[PDB]
>>> print(open('final-v1.txt').read())   # compact mmCIF, C-alpha atoms
# COMPACT_ATOMS: atom_id res chain seq x y z
CA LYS A 1 27.03 4.08 -12.67
CA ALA A 2 24.41 2.82 -10.24
CA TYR A 3 23.16 3.62 -6.79
CA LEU A 4 21.59 0.96 -4.58
CA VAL A 5 18.61 1.92 -2.37
CA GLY A 6 17.38 0.25 0.83
CA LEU A 7 13.86 0.78 2.17
CA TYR A 8 13.18 -0.27 5.78
CA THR A 9 9.54 0.03 6.83
CA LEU A 10 9.16 1.46 10.31
CA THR A 11 5.44 1.38 10.13
CA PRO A 12 2.78 -0.68 8.39
CA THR A 13 2.73 0.33 4.72
CA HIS A 14 0.39 0.38 1.70
CA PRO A 15 2.56 1.61 -1.15
CA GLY A 16 1.07 2.99 -4.31
CA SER A 17 -1.89 1.09 -5.64
CA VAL A 18 -7.52 1.78 0.69
CA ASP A 19 -9.74 -1.32 0.56
CA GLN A 20 -7.78 -2.36 -2.53
CA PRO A 21 -4.98 -4.95 -2.02
CA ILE A 22 -1.22 -4.17 -2.08
CA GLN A 23 0.66 -4.52 -5.44
CA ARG A 24 2.29 -7.80 -6.30
CA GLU A 25 4.42 -9.37 -9.00
CA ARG A 26 2.10 -11.05 -11.45
CA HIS A 27 3.84 -14.43 -11.41
CA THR A 28 5.22 -14.70 -7.86
CA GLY A 29 2.81 -12.83 -5.64
CA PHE A 30 5.62 -11.00 -3.90
CA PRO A 31 4.78 -7.46 -2.78
CA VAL A 32 6.57 -4.76 -4.74
CA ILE A 33 6.66 -0.99 -4.93
CA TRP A 34 6.47 0.33 -8.51
CA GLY A 35 9.33 2.55 -9.63
CA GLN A 36 6.79 5.20 -10.64
CA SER A 37 5.58 5.62 -7.03
CA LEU A 38 9.08 5.42 -5.73
CA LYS A 39 10.33 8.14 -8.10
CA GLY A 40 7.42 10.25 -6.94
CA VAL A 41 8.20 10.12 -3.24
CA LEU A 42 11.95 10.60 -3.85
CA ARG A 43 11.46 13.68 -6.00
CA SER A 44 8.81 15.25 -3.76
CA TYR A 45 11.06 14.55 -0.79
CA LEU A 46 14.02 16.33 -2.39
CA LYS A 47 11.71 19.28 -3.11
CA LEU A 48 9.65 19.64 0.12
CA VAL A 49 12.14 18.44 2.74
CA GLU A 50 15.63 18.93 1.33
CA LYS A 51 14.95 22.25 -0.37
CA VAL A 52 16.97 21.14 -3.40
CA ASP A 53 16.76 23.44 -6.43
CA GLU A 54 13.74 22.60 -8.66
CA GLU A 55 16.13 22.91 -11.64
CA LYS A 56 18.67 20.40 -10.31
CA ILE A 57 15.69 18.07 -9.86
CA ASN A 58 14.45 18.60 -13.43
CA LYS A 59 17.97 17.85 -14.73
CA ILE A 60 18.00 14.63 -12.67
CA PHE A 61 14.37 13.38 -12.56
CA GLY A 62 12.60 15.24 -15.41
CA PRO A 63 9.48 17.48 -15.33
CA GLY A 64 15.08 12.65 -17.35
CA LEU A 65 18.66 11.62 -16.45
CA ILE A 66 18.15 8.51 -14.19
CA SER A 67 16.02 5.38 -13.84
CA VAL A 68 14.32 4.51 -10.53
CA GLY A 69 13.61 0.78 -10.32
CA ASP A 70 10.81 -1.10 -8.60
CA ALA A 71 11.76 -1.86 -5.00
CA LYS A 72 11.57 -5.63 -4.30
CA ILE A 73 11.34 -7.47 -0.90
CA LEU A 74 14.61 -8.77 0.48
CA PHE A 75 13.64 -9.59 4.08
CA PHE A 76 10.16 -10.08 5.40
CA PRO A 77 9.43 -10.21 9.20
CA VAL A 78 7.63 -13.25 10.54
CA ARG A 79 6.43 -14.35 13.98
CA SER A 80 8.99 -16.73 15.43
CA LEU A 81 8.76 -18.97 18.55
CA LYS A 82 12.37 -18.43 19.69
CA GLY A 83 13.46 -14.85 19.08
CA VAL A 84 10.38 -12.68 18.84
CA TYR A 85 10.27 -12.50 15.01
CA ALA A 86 12.64 -13.48 12.22
CA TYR A 87 13.87 -11.86 9.08
CA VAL A 88 12.73 -14.36 6.45
CA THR A 89 14.23 -14.39 2.93
CA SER A 90 14.61 -17.23 0.37
CA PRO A 91 16.81 -18.58 -2.47
CA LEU A 92 14.63 -17.05 -5.22
CA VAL A 93 14.77 -13.71 -3.45
CA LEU A 94 18.52 -13.86 -2.77
CA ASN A 95 19.36 -14.90 -6.36
CA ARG A 96 17.20 -12.13 -7.80
CA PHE A 97 19.15 -9.83 -5.54
CA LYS A 98 22.48 -11.17 -6.79
CA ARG A 99 21.35 -10.80 -10.41
CA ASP A 100 20.30 -7.24 -9.69
CA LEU A 101 23.69 -6.43 -8.18
CA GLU A 102 25.33 -7.86 -11.33
CA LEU A 103 23.10 -5.52 -13.40
CA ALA A 104 24.37 -2.68 -11.25
CA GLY A 105 27.90 -3.61 -12.14
CA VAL A 106 29.00 -5.40 -8.94
CA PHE A 107 28.62 -11.08 -4.10
CA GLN A 108 29.99 -14.39 -5.44
CA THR A 109 29.09 -17.09 -2.91
CA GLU A 110 26.73 -19.89 -3.97
CA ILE A 111 23.23 -19.63 -2.54
CA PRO A 112 21.94 -23.09 -1.72
CA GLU A 113 18.75 -24.65 -3.06
CA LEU A 114 16.17 -25.42 -0.29
CA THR A 115 12.85 -27.20 -0.50
CA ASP A 116 11.93 -28.73 2.79
CA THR A 117 14.60 -27.28 5.11
CA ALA A 118 15.78 -23.91 6.42
CA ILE A 119 19.02 -22.38 7.36
CA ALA A 120 18.70 -19.88 10.25
CA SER A 121 20.65 -18.07 12.94
CA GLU A 122 20.86 -20.13 16.13
CA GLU A 123 19.13 -17.38 18.10
CA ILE A 124 15.76 -18.28 16.52
CA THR A 125 16.11 -22.07 16.52
CA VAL A 126 14.34 -24.37 18.89
CA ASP A 127 16.38 -27.50 18.27
CA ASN A 128 16.21 -28.43 15.74
CA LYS A 129 13.95 -26.22 13.65
CA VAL A 130 12.82 -22.60 13.10
CA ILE A 131 9.15 -22.06 14.00
CA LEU A 132 7.40 -19.37 11.91
CA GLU A 133 3.75 -18.83 12.83
CA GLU A 134 2.05 -22.20 12.21
CA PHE A 135 4.89 -24.00 10.31
CA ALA A 136 7.72 -25.78 12.06
CA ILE A 137 10.61 -25.88 9.62
CA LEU A 138 13.49 -28.33 9.84
CA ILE A 139 16.91 -26.68 9.91
CA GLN A 140 19.98 -27.69 7.95
CA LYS A 141 23.45 -27.01 9.37
CA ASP A 142 25.14 -23.97 7.83
CA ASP A 143 28.67 -25.14 7.11
CA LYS A 144 29.41 -22.84 4.17
CA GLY A 145 29.17 -19.61 6.17
CA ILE A 146 26.16 -18.47 4.20
CA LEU A 147 24.62 -16.47 7.00
CA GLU A 148 27.88 -14.57 7.55
CA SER A 149 28.32 -13.87 3.83
CA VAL A 150 24.70 -12.61 3.76
CA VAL A 151 25.20 -10.43 6.90
CA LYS A 152 28.30 -9.25 5.04
CA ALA A 153 26.26 -8.40 1.93
CA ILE A 154 23.76 -6.53 4.12
CA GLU A 155 26.58 -4.55 5.65
CA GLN A 156 28.14 -3.70 2.25
CA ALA A 157 24.75 -2.72 0.75
CA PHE A 158 22.77 -1.06 3.55
CA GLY A 159 25.36 -0.32 6.29
CA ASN A 160 26.20 -1.48 9.84
CA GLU A 161 23.03 -0.46 11.51
CA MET A 162 20.92 -2.62 9.20
CA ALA A 163 23.21 -5.64 9.32
CA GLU A 164 23.15 -5.28 13.05
CA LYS A 165 19.31 -5.25 13.24
CA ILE A 166 19.12 -8.31 11.02
CA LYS A 167 22.04 -10.45 12.32
CA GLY A 168 20.94 -13.27 14.61
CA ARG A 169 17.38 -12.97 13.44
CA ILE A 170 17.74 -14.40 9.87
CA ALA A 171 16.08 -17.39 8.21
CA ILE A 172 16.39 -18.70 4.65
CA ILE A 173 13.20 -20.63 3.86
CA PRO A 174 11.89 -22.69 0.97
CA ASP A 175 10.57 -20.26 -1.72
CA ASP A 176 6.99 -21.57 -1.64
CA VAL A 177 6.82 -21.12 2.10
CA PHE A 178 8.25 -17.59 1.79
CA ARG A 179 5.51 -16.88 -0.77
CA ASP A 180 2.85 -18.35 1.56
CA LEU A 181 4.13 -16.16 4.39
CA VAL A 182 4.10 -12.95 2.38
CA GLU A 183 0.62 -13.71 1.02
CA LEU A 184 -0.96 -14.72 4.33
CA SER A 185 1.10 -12.76 6.93
CA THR A 186 0.29 -9.27 5.74
CA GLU A 187 -0.77 -6.68 8.37
CA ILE A 188 -4.58 -6.31 8.40
CA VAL A 189 -6.54 -3.68 10.34
CA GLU A 190 -7.08 -2.76 5.26
CA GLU A 191 -3.87 -4.57 4.11
CA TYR A 192 -0.33 -3.45 4.93
CA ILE A 193 3.10 -4.75 4.56
CA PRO A 194 4.59 -5.21 8.08
CA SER A 195 6.71 -2.75 9.89
CA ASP A 196 10.07 -4.45 9.72
CA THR A 197 10.24 -5.31 6.02
CA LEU A 198 13.32 -4.55 3.94
CA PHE A 199 13.09 -3.51 0.24
CA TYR A 200 15.77 -2.75 -2.29
CA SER A 201 15.79 -0.80 -5.55
CA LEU A 202 18.26 0.28 -8.21
CA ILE A 203 18.93 3.75 -9.50
CA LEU A 204 20.70 3.69 -12.86
CA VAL A 205 22.43 6.60 -14.60
CA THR A 206 22.07 6.99 -18.38
CA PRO A 207 25.19 6.03 -20.39
CA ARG A 208 25.02 9.41 -22.19
CA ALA A 209 26.04 11.18 -19.01
CA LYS A 210 29.14 13.33 -18.56
CA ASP A 211 31.17 13.74 -15.33
CA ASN A 212 29.44 17.02 -14.41
CA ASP A 213 26.07 15.18 -14.45
CA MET A 214 27.52 12.29 -12.41
CA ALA A 215 28.71 14.82 -9.87
CA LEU A 216 25.32 16.53 -9.79
CA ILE A 217 23.55 13.19 -9.27
CA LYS A 218 25.98 12.03 -6.61
CA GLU A 219 25.40 15.24 -4.65
CA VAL A 220 21.61 15.45 -4.89
CA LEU A 221 21.00 11.74 -4.34
CA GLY A 222 23.41 11.54 -1.45
CA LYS A 223 21.02 13.81 0.45
CA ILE A 224 18.61 10.88 0.92
CA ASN A 225 21.03 8.49 2.63
CA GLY A 226 19.88 7.89 6.24
CA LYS A 227 16.64 9.82 5.86
CA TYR A 228 12.94 9.23 6.56
CA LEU A 229 10.23 9.17 3.94
CA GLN A 230 6.57 8.40 3.62
CA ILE A 231 5.12 6.15 0.93
CA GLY A 232 1.58 5.02 0.19
CA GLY A 233 -1.83 5.99 1.52
CA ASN A 234 -2.96 6.65 5.08
CA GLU A 235 -0.07 9.07 5.85
CA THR A 236 -2.07 10.93 8.48
CA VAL A 237 -2.83 7.79 10.60
CA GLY A 238 0.81 6.95 10.70
CA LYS A 239 1.26 4.54 7.81
CA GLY A 240 4.03 4.19 5.23
CA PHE A 241 7.04 5.66 7.03
CA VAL A 242 10.30 4.17 5.80
CA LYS A 243 14.01 4.63 6.42
CA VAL A 244 16.10 5.01 3.23
CA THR A 245 19.69 3.94 2.58
CA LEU A 246 21.72 4.93 -0.50
CA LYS A 247 24.95 3.43 -1.67
CA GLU A 248 27.27 4.14 -4.63
CA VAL A 249 28.15 0.84 -6.20
CA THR A 250 31.87 0.38 -6.83
>>> encode(input="final-v1.txt", output="C-alpha cells")
Amino acid sequence: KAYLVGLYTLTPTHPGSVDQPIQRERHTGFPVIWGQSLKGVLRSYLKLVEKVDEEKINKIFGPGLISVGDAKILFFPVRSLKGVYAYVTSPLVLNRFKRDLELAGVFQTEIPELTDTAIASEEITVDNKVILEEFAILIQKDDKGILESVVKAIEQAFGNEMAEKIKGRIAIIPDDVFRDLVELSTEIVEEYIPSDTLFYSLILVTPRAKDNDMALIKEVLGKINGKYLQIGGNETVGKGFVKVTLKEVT
C-alpha cells in the first residue's frame, strides 16, 4: 500500500541543500525536496512533537519498513493581474502526477497538450488571457471540464480545504513558461520557494509487510495528517513552515 503526502508552504522555504541555491531536478529545473530531507523532518517530527515511541519509529523508518519519496511541485503561485495570484501548474507536471498516482496503485481524464495557450479559472482572466507577471497568456476555452476534474483530484488527494484554496485561482500553462516562472519567480531576500506552493510525495510500504505492520504504519503515519512542520534552513527567522496532508490510497 501507499500513502500520498501534500506539502503546502505557509512561509518562504529553502528545503535541504544559505547563499546556496535551492535544489532542482537536473533536467527540468523544477524545485524539489529530496526524500532524504523529507524523511528526516517526518521522523524528527514524530519523535519531538508527537511523542511517538522511538521503537515504533525504528520499526517504521529505521535507525527500514517504508520509502519516503522526493516531494515534487504540483502548484506554484504566481503574480496575476486579475485575482491577486494564481496557482500555476502545467501538462508535464500534471502527467507526472498522474503517473505517480498510477505507481501508488490508483485519475483517468486526458490532460491536454498546451504550447502557446492557457486554460484558467475565469476569476483570473482578463478577457481573454491570464496575465502572470510580465507574460500575457492567451486562454483556450475549457470545454472538457478539465479544471473541475483537477479540482476534483485536489479534493480526493489533499482534502476540501486545499481544493477550496486553489479553486478559482488555477492556471494550466505551457511547460516552458511554467519552468521560466519557477526559475525566475523564486522568493529572494537568499532564495526561497514562495509561500503558497504545493508539493506532493509518495510513501510506499514494502511488499514484505504483514497486516500488523500495515496497522502500525497506518496509525503512526496518520498522526501527521493536518499538522505543521518545518523544513529547510532559517527556521528561527520564520522560514520553511509547511502544512502536511496524508491520504491512504484506495
>>> residues_near_point(input="final-v1.txt", point="(-6.1, 0.3, -0.9)", cutoff="10 Å", atoms="all atoms listed in the file", output="list in words")
residues 14, 15, 16, 17, 18, 19, 20, 21, 22, 23, 190, 191, 192, 232, 233 and 234 of chain A
>>> atom_distance(input="final-v1.txt", atom1="CA of residue 153 in chain A", atom2="CA of residue 107 in chain A")
7.0 Å
>>> atom_distance(input="final-v1.txt", atom1="CA of residue 76 in chain A", atom2="CA of residue 135 in chain A")
15.7 Å
>>> residues_around(input="final-v1.txt", residues="residue 118 in chain A", least_positions_apart="3", cutoff="9 Å", atoms="only C-alpha atoms", output="NGL selection string")
:A and (114-115 or 129-130 or 137-141 or 171-174)
>>> residues_around(input="final-v1.txt", residues="residue 7 in chain A", least_positions_apart="5", cutoff="10 Å", atoms="only C-alpha atoms", output="PyMOL selection string")
chain A and resi 71-74+158+196-201+228-229+241-246
>>> write_last_selection(input="final-v1.txt", atoms="C-alpha atoms", output="compact mmCIF listing (two decimals), in the coordinates of the input")
# COMPACT_ATOMS: atom_id res chain seq x y z
CA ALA A 71 11.76 -1.86 -5.00
CA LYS A 72 11.57 -5.63 -4.30
CA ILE A 73 11.34 -7.47 -0.90
CA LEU A 74 14.61 -8.77 0.48
CA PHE A 158 22.77 -1.06 3.55
CA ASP A 196 10.07 -4.45 9.72
CA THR A 197 10.24 -5.31 6.02
CA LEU A 198 13.32 -4.55 3.94
CA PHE A 199 13.09 -3.51 0.24
CA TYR A 200 15.77 -2.75 -2.29
CA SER A 201 15.79 -0.80 -5.55
CA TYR A 228 12.94 9.23 6.56
CA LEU A 229 10.23 9.17 3.94
CA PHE A 241 7.04 5.66 7.03
CA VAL A 242 10.30 4.17 5.80
CA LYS A 243 14.01 4.63 6.42
CA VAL A 244 16.10 5.01 3.23
CA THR A 245 19.69 3.94 2.58
CA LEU A 246 21.72 4.93 -0.50
>>> closest_residue(input="final-v1.txt", among="A:225, A:128, A:109, A:250", to="residue 152 in chain A", atoms="only C-alpha atoms")
A:109
>>> closest_residue(input="final-v1.txt", among="A:106, A:179, A:116, A:213", to="residue 93 in chain A", atoms="all atoms listed in the file")
A:179
>>> residues_around(input="final-v1.txt", residues="range 79-87 of chain A", least_positions_apart="4", cutoff="8 Å", atoms="all atoms listed in the file", output="ChimeraX atom specification")
/A:75,123-126,130-133,166,169-171
>>> residues_around(input="final-v1.txt", residues="residue 248 in chain A", least_positions_apart="4", cutoff="8 Å", atoms="all atoms listed in the file", output="MDAnalysis selection string")
chainID A and resid 2:4
>>> atom_distance(input="final-v1.txt", atom1="CA of residue 216 in chain A", atom2="CA of residue 157 in chain A")
22.0 Å
>>> closest_atom_pairs(input="final-v1.txt", of="range 45-87 of chain A", to="range 202-208 of chain A", cutoff="7 Å", atoms="all atoms listed in the file", output="CSV")
residue,atom,partner,partner_atom,distance
A:65,CA,A:206,CA,6.1
A:66,CA,A:205,CA,4.7
A:67,CA,A:204,CA,5.1
A:68,CA,A:203,CA,4.8
A:69,CA,A:202,CA,5.1
